[PDB]
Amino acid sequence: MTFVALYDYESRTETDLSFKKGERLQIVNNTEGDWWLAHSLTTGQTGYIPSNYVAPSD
């Protein structure tokens, strides 16, 4: 199941993933805390995201 961004997010460290509201993301790791490793299906990039900025999609 993929996720969608509810807000834009600008990276705050190099290995974060920046994204835009509406962007579809694959959650790759969600067992390390509030920050999840995600892969953008729109841009192809991968990095950490704040889990409270995204929601389950279709």
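Just count from 1 along the sequence shown to find any residue number.
For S40, the recorded CA B-factor ranks within the middle third of the chain. Only modelled residues enter the ranking. Ranked by C-alpha B-factor against the other modelled residues of its chain, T2 falls in the highest third. In this PDB entry, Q26 carries a Cα temperature factor that places it within the middle third of its chain's modelled residues. Sort the chain's modelled residues by C-alpha temperature factor and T13 lands in the highest third, per the entry.
Sort the modelled residues of the chain by CA B factor and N52 lands in the lowest third.
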